[PDB]
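Coordinates in review
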Amino acid sequence: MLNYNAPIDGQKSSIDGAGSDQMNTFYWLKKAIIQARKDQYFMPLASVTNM
Amino acid sequence: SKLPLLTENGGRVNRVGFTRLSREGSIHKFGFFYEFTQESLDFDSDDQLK
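Residues numbered from 1 in each chain as written, not as in the entry; some residues may be left out. Chains lettered and ligands numbered in written order. Part of a larger assembly, values for the part shown. Heavy atoms only, no water. Residues with missing side-chain atoms left out of burial classes, pairs and counts.

Determination of this PDB entry was carried out by cryo-EM to a resolution of 3.60 Å, according to the record.

The next thing to look at is the overall build of chain B. Helices and strands together make up the secondary structure of chain B, namely one helix and zero strands. In terms of C-alpha radius of gyration, chain B reaches 36 Å, well past the compact-globule figure of 10 Å for 50 residues. Projecting the C-alpha coordinates of chain B onto the three principal axes gives extents of approximately 100 × 15 × 15 Å. (Helix = DSSP H or I, 4+ residues; strand = E, 2+ residues; numbered from the N terminus. Rg over C-alpha atoms; globule rule 2.2 N^0.38 Å.)

Moving on to the side chain of B:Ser40. One can find B:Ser40 in helix α1 (residues 39-42). Side-chain polar atoms of B:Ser40 contact the backbone oxygen of A:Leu2, separated by 3.1 Å. Those residues within four positions of B:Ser40 in sequence are excluded, and the remaining contacts are A:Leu2, A:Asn3, A:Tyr4 and B:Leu49. (Polar contact = N/O pair within 3.5 Å; in protein donor to acceptor, adjacent residues only side chain to side chain. Contact = heavy atoms within 4.5 Å.)

Before going further, it helps to examine the packing of aromatic side chains. In total, this model carries two aromatic pairs over all chains according to the counting rule given. Arranged with centres 6.2 Å apart and planes meeting at 45 degrees, the rings of A:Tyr4 and B:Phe43 form a pair that is tilted. Pairing B:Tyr34 with B:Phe36 gives two aromatic rings, centres 5.5 Å apart and planes at 45 degrees, and the pair type is tilted. Classification of B:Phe36 as partly exposed rests on a relative accessible area of 38%. (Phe/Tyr/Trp six-rings, centres within 6.5 Å; stacked < 30°, edge-to-face > 60°. Buried < 20%, exposed > 50% of the residue type's maximum accessible area, 1.4 Å probe, protein only.)

Listed per partner, the contact involves nine residues of chain B and eight residues of chain A. By residue class, the composition of the side of chain B that touches chain A is three nonpolar, three polar and three charged. (Nonpolar A, V, L, I, M, F, W, Y, C, P; charged D, E, K, R; others polar.)

This paragraph deals with a nonpolar patch on the surface. Taken together, the side chains of A:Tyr27, A:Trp28 and A:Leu29 make up a nonpolar region of the molecular surface, amounting to roughly 520 Å² of accessible area. Take A:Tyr27: its relative accessible area is 71%, and that puts it in the exposed class. (Patch = residues over 30% accessible without salt bridge, like charges linked within 9 Å, V, L, I, M, F, W, Y side chains within 5 Å. Areas by Shrake-Rupley, 256 points an atom, 1.4 Å probe, with all protein chains shown as cover. Salt bridge = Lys/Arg side-chain N within 4 Å of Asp/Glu carboxyl O.)

Let us look at the environment of B:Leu41. Residues and elements named next belong to chain B. Following the sequence through the fold, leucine 41 ends up in helix α1. Note: C-alpha distance between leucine 41 and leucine 21 (20 residues apart in sequence) is 57 Å. Ignoring anything within four residues of it in the chain, the contact list for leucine 41 reads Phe36, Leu49 and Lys50.

If you check the backbone angles, A:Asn5 has positive phi at about 50 degrees while not being a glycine. Phi at B:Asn14 takes a positive value of approximately 60 degrees, unusual for a residue other than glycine. Turning to its location among the elements, B:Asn14 is positioned in the segment before α1.

And the structure:
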């Protein structure tokens, strides 16, 4: 029984012999987890005087 | 020496015989098998491993 073992942790899969290993070992979700702008007081309470 | 020289009075002379042989041949069996676990086909880099 050729078993998948665990390529991520180092154990090569059985069918992948000699110098070979699995070449799609995870999934990129491609949806980055980003942060938004910090809440801004002070700034919107301001009048402007053109120069 | 062994020519079928037949005379004119005939008779029981020059008698021969016949034989036959036989051949033979048998049948054998061959076969082999391989094994796989479902994970080793589901979780794998290549699609059509089978």
